[PDB]
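Structure data follow from my_file_0.cif (mmCIF, C-alpha atoms and all ligand atoms):
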```
data_input
loop_
_atom_site.group_PDB
_atom_site.id
_atom_site.type_symbol
_atom_site.label_atom_id
_atom_site.label_comp_id
_atom_site.auth_asym_id
_atom_site.auth_seq_id
_atom_site.Cartn_x
_atom_site.Cartn_y
_atom_site.Cartn_z
ATOM 1 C CA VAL A 1 -4.364 -35.062 22.629
ATOM 2 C CA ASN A 2 -6.072 -31.686 22.186
ATOM 3 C CA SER A 3 -9.179 -29.925 23.492
ATOM 4 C CA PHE A 4 -11.289 -30.150 20.320
ATOM 5 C CA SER A 5 -14.495 -32.030 21.158
ATOM 6 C CA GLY A 6 -17.367 -33.528 19.186
ATOM 7 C CA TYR A 7 -15.682 -33.634 15.769
ATOM 8 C CA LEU A 8 -16.228 -36.325 13.162
ATOM 9 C CA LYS A 9 -12.927 -37.704 11.817
ATOM 10 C CA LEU A 10 -12.720 -37.576 8.014
ATOM 11 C CA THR A 11 -9.077 -38.592 7.486
ATOM 12 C CA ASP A 12 -5.856 -39.019 9.425
ATOM 13 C CA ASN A 13 -5.624 -35.233 9.884
ATOM 14 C CA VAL A 14 -8.988 -33.600 8.997
ATOM 15 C CA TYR A 15 -11.913 -33.318 11.430
ATOM 16 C CA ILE A 16 -15.313 -31.635 10.934
ATOM 17 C CA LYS A 17 -18.149 -30.320 13.106
ATOM 18 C CA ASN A 18 -21.392 -28.381 12.791
ATOM 19 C CA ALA A 19 -20.411 -25.337 14.830
ATOM 20 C CA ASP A 20 -20.175 -21.556 14.917
ATOM 21 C CA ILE A 21 -16.446 -20.897 14.520
ATOM 22 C CA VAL A 22 -16.803 -17.857 16.805
ATOM 23 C CA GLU A 23 -18.258 -19.906 19.658
ATOM 24 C CA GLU A 24 -15.811 -22.733 19.009
ATOM 25 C CA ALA A 25 -12.857 -20.333 19.168
ATOM 26 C CA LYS A 26 -14.045 -18.764 22.433
ATOM 27 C CA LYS A 27 -14.182 -22.241 24.048
ATOM 28 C CA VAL A 28 -10.973 -23.922 22.827
ATOM 29 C CA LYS A 29 -8.748 -20.825 22.570
ATOM 30 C CA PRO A 30 -6.791 -22.572 19.803
ATOM 31 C CA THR A 31 -3.262 -21.617 18.888
ATOM 32 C CA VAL A 32 -4.537 -20.679 15.413
ATOM 33 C CA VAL A 33 -7.988 -19.701 14.159
ATOM 34 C CA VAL A 34 -8.277 -19.209 10.398
ATOM 35 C CA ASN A 35 -10.173 -16.226 9.010
ATOM 36 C CA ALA A 36 -11.882 -16.236 5.602
ATOM 37 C CA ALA A 37 -10.163 -12.980 4.648
ATOM 38 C CA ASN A 38 -10.072 -10.789 1.557
ATOM 39 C CA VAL A 39 -6.948 -9.089 0.218
ATOM 40 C CA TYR A 40 -7.816 -5.792 1.952
ATOM 41 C CA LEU A 41 -8.525 -7.454 5.326
ATOM 42 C CA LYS A 42 -11.925 -5.711 5.284
ATOM 43 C CA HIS A 43 -13.865 -7.954 7.657
ATOM 44 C CA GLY A 44 -17.367 -6.934 6.682
ATOM 45 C CA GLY A 45 -19.415 -10.117 6.499
ATOM 46 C CA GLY A 46 -19.356 -13.871 6.410
ATOM 47 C CA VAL A 47 -16.891 -15.580 8.719
ATOM 48 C CA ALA A 48 -14.635 -12.504 8.799
ATOM 49 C CA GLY A 49 -17.434 -10.157 9.796
ATOM 50 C CA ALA A 50 -18.438 -12.521 12.596
ATOM 51 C CA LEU A 51 -14.901 -13.048 13.921
ATOM 52 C CA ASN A 52 -14.184 -9.331 13.848
ATOM 53 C CA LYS A 53 -17.449 -8.535 15.650
ATOM 54 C CA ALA A 54 -16.452 -10.986 18.389
ATOM 55 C CA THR A 55 -13.201 -9.002 18.883
ATOM 56 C CA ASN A 56 -15.150 -5.746 19.321
ATOM 57 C CA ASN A 57 -13.538 -4.487 16.046
ATOM 58 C CA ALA A 58 -9.972 -4.927 17.378
ATOM 59 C CA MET A 59 -9.263 -7.336 14.516
ATOM 60 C CA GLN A 60 -10.245 -4.633 12.011
ATOM 61 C CA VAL A 61 -8.108 -1.966 13.721
ATOM 62 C CA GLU A 62 -5.074 -4.270 13.669
ATOM 63 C CA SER A 63 -5.793 -5.251 10.066
ATOM 64 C CA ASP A 64 -6.020 -1.639 8.881
ATOM 65 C CA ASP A 65 -2.554 -0.974 10.297
ATOM 66 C CA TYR A 66 -1.255 -4.145 8.609
ATOM 67 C CA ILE A 67 -2.575 -3.026 5.204
ATOM 68 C CA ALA A 68 -1.306 0.533 5.635
ATOM 69 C CA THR A 69 2.193 -0.884 6.196
ATOM 70 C CA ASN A 70 2.256 -3.865 3.822
ATOM 71 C CA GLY A 71 -0.429 -3.378 1.178
ATOM 72 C CA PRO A 72 -2.990 -5.992 0.168
ATOM 73 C CA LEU A 73 -2.526 -9.717 0.386
ATOM 74 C CA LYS A 74 -2.499 -11.950 -2.690
ATOM 75 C CA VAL A 75 -5.451 -14.171 -3.538
ATOM 76 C CA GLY A 76 -4.220 -17.529 -2.247
ATOM 77 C CA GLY A 77 -2.017 -15.805 0.342
ATOM 78 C CA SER A 78 -2.146 -15.236 4.074
ATOM 79 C CA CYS A 79 -0.779 -13.337 7.024
ATOM 80 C CA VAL A 80 -0.519 -14.119 10.732
ATOM 81 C CA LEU A 81 -2.012 -11.522 13.083
ATOM 82 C CA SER A 82 -3.273 -11.571 16.658
ATOM 83 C CA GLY A 83 -6.081 -13.892 17.642
ATOM 84 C CA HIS A 84 -7.317 -11.278 20.145
ATOM 85 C CA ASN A 85 -9.798 -12.863 22.597
ATOM 86 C CA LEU A 86 -10.440 -15.834 20.277
ATOM 87 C CA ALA A 87 -7.072 -17.580 19.807
ATOM 88 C CA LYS A 88 -3.368 -16.950 20.168
ATOM 89 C CA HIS A 89 -3.055 -16.144 16.453
ATOM 90 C CA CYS A 90 -5.393 -15.535 13.545
ATOM 91 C CA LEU A 91 -4.223 -16.840 10.171
ATOM 92 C CA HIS A 92 -5.984 -14.602 7.637
ATOM 93 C CA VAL A 93 -6.236 -16.692 4.447
ATOM 94 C CA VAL A 94 -7.584 -15.360 1.137
ATOM 95 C CA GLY A 95 -9.434 -17.970 -0.872
ATOM 96 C CA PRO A 96 -10.655 -17.037 -4.347
ATOM 97 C CA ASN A 97 -14.016 -15.241 -4.390
ATOM 98 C CA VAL A 98 -16.088 -16.668 -7.242
ATOM 99 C CA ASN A 99 -18.403 -13.661 -6.986
ATOM 100 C CA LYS A 100 -15.349 -11.598 -8.054
ATOM 101 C CA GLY A 101 -14.319 -13.919 -10.907
ATOM 102 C CA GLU A 102 -11.202 -15.299 -9.208
ATOM 103 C CA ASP A 103 -9.533 -18.525 -10.331
ATOM 104 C CA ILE A 104 -10.781 -21.497 -8.307
ATOM 105 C CA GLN A 105 -7.399 -23.205 -8.783
ATOM 106 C CA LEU A 106 -6.103 -20.665 -6.253
ATOM 107 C CA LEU A 107 -8.074 -22.547 -3.594
ATOM 108 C CA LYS A 108 -5.292 -25.134 -3.345
ATOM 109 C CA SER A 109 -2.705 -22.378 -2.846
ATOM 110 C CA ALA A 110 -4.927 -20.895 -0.126
ATOM 111 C CA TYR A 111 -5.107 -24.193 1.773
ATOM 112 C CA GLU A 112 -1.319 -24.655 1.502
ATOM 113 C CA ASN A 113 -0.979 -21.853 4.062
ATOM 114 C CA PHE A 114 -2.466 -24.202 6.666
ATOM 115 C CA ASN A 115 0.599 -26.478 6.400
ATOM 116 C CA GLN A 116 2.699 -23.857 8.209
ATOM 117 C CA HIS A 117 0.734 -24.566 11.429
ATOM 118 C CA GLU A 118 0.588 -27.876 13.282
ATOM 119 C CA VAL A 119 -3.053 -27.485 14.427
ATOM 120 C CA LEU A 120 -5.769 -25.075 13.250
ATOM 121 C CA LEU A 121 -9.445 -24.281 13.708
ATOM 122 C CA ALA A 122 -10.822 -23.212 10.339
ATOM 123 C CA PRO A 123 -13.811 -22.639 8.057
ATOM 124 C CA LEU A 124 -14.073 -24.063 4.566
ATOM 125 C CA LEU A 125 -12.176 -21.658 2.330
ATOM 126 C CA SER A 126 -14.111 -19.932 -0.457
ATOM 127 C CA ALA A 127 -17.432 -21.253 0.912
ATOM 128 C CA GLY A 128 -20.348 -19.094 2.008
ATOM 129 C CA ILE A 129 -20.330 -15.619 0.478
ATOM 130 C CA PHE A 130 -17.128 -16.416 -1.442
ATOM 131 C CA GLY A 131 -19.359 -18.459 -3.757
ATOM 132 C CA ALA A 132 -17.480 -21.744 -4.215
ATOM 133 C CA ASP A 133 -18.953 -25.218 -3.834
ATOM 134 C CA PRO A 134 -18.292 -26.274 -0.206
ATOM 135 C CA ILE A 135 -18.071 -29.944 -1.255
ATOM 136 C CA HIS A 136 -15.202 -28.988 -3.551
ATOM 137 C CA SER A 137 -13.586 -26.870 -0.844
ATOM 138 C CA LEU A 138 -13.625 -29.826 1.555
ATOM 139 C CA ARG A 139 -12.067 -32.067 -1.108
ATOM 140 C CA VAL A 140 -9.259 -29.569 -1.745
ATOM 141 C CA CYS A 141 -8.727 -29.234 2.010
ATOM 142 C CA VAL A 142 -8.364 -32.988 2.514
ATOM 143 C CA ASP A 143 -6.053 -33.315 -0.505
ATOM 144 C CA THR A 144 -3.856 -30.312 0.410
ATOM 145 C CA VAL A 145 -3.643 -29.858 4.181
ATOM 146 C CA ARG A 146 -1.309 -32.276 5.948
ATOM 147 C CA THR A 147 -1.388 -30.661 9.396
ATOM 148 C CA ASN A 148 -4.251 -31.184 11.845
ATOM 149 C CA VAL A 149 -7.294 -29.151 10.822
ATOM 150 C CA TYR A 150 -10.578 -28.844 12.727
ATOM 151 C CA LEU A 151 -13.256 -27.535 10.364
ATOM 152 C CA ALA A 152 -16.311 -25.664 11.665
ATOM 153 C CA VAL A 153 -19.361 -25.608 9.373
ATOM 154 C CA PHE A 154 -22.026 -23.152 10.521
ATOM 155 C CA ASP A 155 -24.989 -24.526 8.568
ATOM 156 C CA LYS A 156 -26.333 -27.826 9.911
ATOM 157 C CA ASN A 157 -27.896 -28.767 6.576
ATOM 158 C CA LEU A 158 -24.573 -28.133 4.837
ATOM 159 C CA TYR A 159 -22.653 -30.053 7.503
ATOM 160 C CA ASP A 160 -24.845 -33.122 6.967
ATOM 161 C CA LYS A 161 -24.434 -32.885 3.185
ATOM 162 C CA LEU A 162 -20.642 -32.588 3.451
ATOM 163 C CA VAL A 163 -20.410 -35.709 5.614
ATOM 164 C CA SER A 164 -22.902 -37.780 3.631
ATOM 165 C CA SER A 165 -21.175 -36.987 0.323
ATOM 166 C CA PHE A 166 -17.591 -37.370 1.567
ATOM 167 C CA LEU A 167 -15.469 -39.892 -0.297
HETATM 168 O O1 LIG X 201 -20.750 -22.758 6.989
HETATM 169 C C1 LIG X 201 -19.918 -22.159 6.316
HETATM 170 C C2 LIG X 201 -19.314 -22.723 5.031
HETATM 171 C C3 LIG X 201 -18.329 -21.660 4.547
HETATM 172 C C4 LIG X 201 -18.401 -20.479 5.552
HETATM 173 N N1 LIG X 201 -19.406 -20.865 6.628
HETATM 174 N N2 LIG X 201 -19.719 -20.056 7.728
HETATM 175 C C5 LIG X 201 -19.380 -20.256 9.098
HETATM 176 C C6 LIG X 201 -19.899 -19.430 10.157
HETATM 177 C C7 LIG X 201 -19.524 -19.677 11.521
HETATM 178 N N3 LIG X 201 -19.983 -18.918 12.634
HETATM 179 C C8 LIG X 201 -20.989 -17.838 12.644
HETATM 180 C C9 LIG X 201 -22.225 -17.972 11.911
HETATM 181 C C10 LIG X 201 -23.180 -16.975 11.899
HETATM 182 C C11 LIG X 201 -22.910 -15.803 12.637
HETATM 183 N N4 LIG X 201 -23.642 -14.675 12.813
HETATM 184 N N5 LIG X 201 -23.098 -13.728 13.584
HETATM 185 C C12 LIG X 201 -21.910 -14.252 13.957
HETATM 186 C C13 LIG X 201 -21.711 -15.601 13.386
HETATM 187 C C14 LIG X 201 -20.759 -16.649 13.368
HETATM 188 N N6 LIG X 201 -18.666 -20.712 11.776
HETATM 189 C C15 LIG X 201 -18.219 -21.444 10.729
HETATM 190 N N7 LIG X 201 -18.517 -21.288 9.410
#
```

Would you mind writing the structure in this file as structure tokens?
Amino acid sequence: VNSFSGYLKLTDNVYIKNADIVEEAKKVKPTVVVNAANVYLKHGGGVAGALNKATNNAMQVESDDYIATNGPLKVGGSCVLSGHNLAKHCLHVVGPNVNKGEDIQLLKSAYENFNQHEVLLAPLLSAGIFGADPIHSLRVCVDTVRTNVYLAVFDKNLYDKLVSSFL
């Protein structure tokens, strides 16, 4: 039993809700919140911009030190950093950005990072400003993640379409 409330159950392990991931994180304080990161951990917009804003830019400060030490992430890769005031940990995961020409096959590799964590709050990878089809992202999530994932979808219209089209 966990504190996630109001989710629709899609499969044994995947749950979905129309919610602002920022507000959801502040309420549950999950062990892991997933960020829709880029390889430079530049949290300018989309989910990342919103999460970072909620940390008063502390996420960005921490991320800049991470990059200075380690260099950029790989597309499809991840790193674990602090969750600041939102969660114990933030799993920064880089899905492919279609608006940069990146290979959509890397979306499966991106979701594989979730399997290293028993329970996660997450957005749909490569959705929004990353330019992928969210219906496809949900399909890859369900077919790749085996741990317990609670998906937050900001747009109500999109949430309803994802549910109504789910196989
Ligand atoms: O819906 C999708 C599909 C893929 C990415 N994506 N976005 C989100 C957004 C979100 N929260 C949010 C929304 C608007 C905001 N403005 N300022 C802060 C802030 C926070 N929570 C979950 N997914």

Practice task
Name the closest residue to residue 54 of chain A among the candidates A:36, A:93, A:21, A:73; distances are taken between atoms, counting all atoms listed in the file.
Solution key: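 Closest residue, counting all atoms listed in the file: A:21.
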
Problem - Test item: residues lying within 9 Å of ligand LIG 201 (chain X) with only C-alpha atoms and all ligand atoms, as a VMD selection string - result: chain A and resid 18 to 24 36 45 to 51 53 to 54 122 to 132 134 137 151 to 156 158 to 159

Problem - Nearest candidate to residue 118 of chain A (options A:145, A:75, A:135, A:104; using only C-alpha atoms) - result: A:145

Handout entry: Selected residue, from A:116, A:56, A:148, A:35, that lies nearest to residue 95 of chain A when counting all atoms listed in the file
Key =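 Checking each of A:116, A:56, A:148, A:35 against residue 95 of chain A, counting all atoms listed in the file, the winner is A:35.
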
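Interatomic distance, atom CA of residue 114 of chain A against atom CA of residue 89 of chain A: 12.7 Å.
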
Handout entry: A:106, A:91, A:61, A:39 ranked by distance to residue 79 of chain A, top pick (using all atoms listed in the file)
Key =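 Between A:106, A:91, A:61, A:39, the residue approaching residue 79 of chain A most closely is A:91.
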
Which centre and which edge lengths, in Å to one decimal, describe the axis-aligned box that holds all listed atoms of segment 91-98 of chain A after 6 Å is added on each side, as lines of an AutoDock Vina configuration file?
```
center_x = -10.2
center_y = -16.3
center_z = 1.5
size_x = 23.9
size_y = 15.4
size_z = 29.4
```

Handout entry: Given only C-alpha atoms as the counted atoms, nearest of A:34, A:84, A:3, A:133 to residue 162 of chain A
Key =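 Distance minimum relative to residue 162 of chain A lands on A:133.
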
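Using the PyMOL selection byres (((chain A and resi 108) around 9) and not hetatm) on the file at hand returns these residues: residues 76, 95, 104, 105, 106, 107, 109, 110, 111, 112, 137, 140, 141, 143 and 144 of chain A.
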
Can you write just those residues out, C-alpha atoms, as a PDB file, keeping the file's coordinate frame?
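Now in part.pdb:
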```pdb
ATOM      1  CA  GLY A  76      -4.220 -17.529  -2.247  1.00  0.00           C
ATOM      2  CA  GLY A  95      -9.434 -17.970  -0.872  1.00  0.00           C
ATOM      3  CA  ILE A 104     -10.781 -21.497  -8.307  1.00  0.00           C
ATOM      4  CA  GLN A 105      -7.399 -23.205  -8.783  1.00  0.00           C
ATOM      5  CA  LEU A 106      -6.103 -20.665  -6.253  1.00  0.00           C
ATOM      6  CA  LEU A 107      -8.074 -22.547  -3.594  1.00  0.00           C
ATOM      7  CA  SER A 109      -2.705 -22.378  -2.846  1.00  0.00           C
ATOM      8  CA  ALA A 110      -4.927 -20.895  -0.126  1.00  0.00           C
ATOM      9  CA  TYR A 111      -5.107 -24.193   1.773  1.00  0.00           C
ATOM     10  CA  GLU A 112      -1.319 -24.655   1.502  1.00  0.00           C
ATOM     11  CA  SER A 137     -13.586 -26.870  -0.844  1.00  0.00           C
ATOM     12  CA  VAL A 140      -9.259 -29.569  -1.745  1.00  0.00           C
ATOM     13  CA  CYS A 141      -8.727 -29.234   2.010  1.00  0.00           C
ATOM     14  CA  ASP A 143      -6.053 -33.315  -0.505  1.00  0.00           C
ATOM     15  CA  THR A 144      -3.856 -30.312   0.410  1.00  0.00           C
TER      16      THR A 144
END
```

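Atom CA of residue 59 of chain A to atom CA of residue 90 of chain A spans 9.1 Å [interatomic distance, one decimal].
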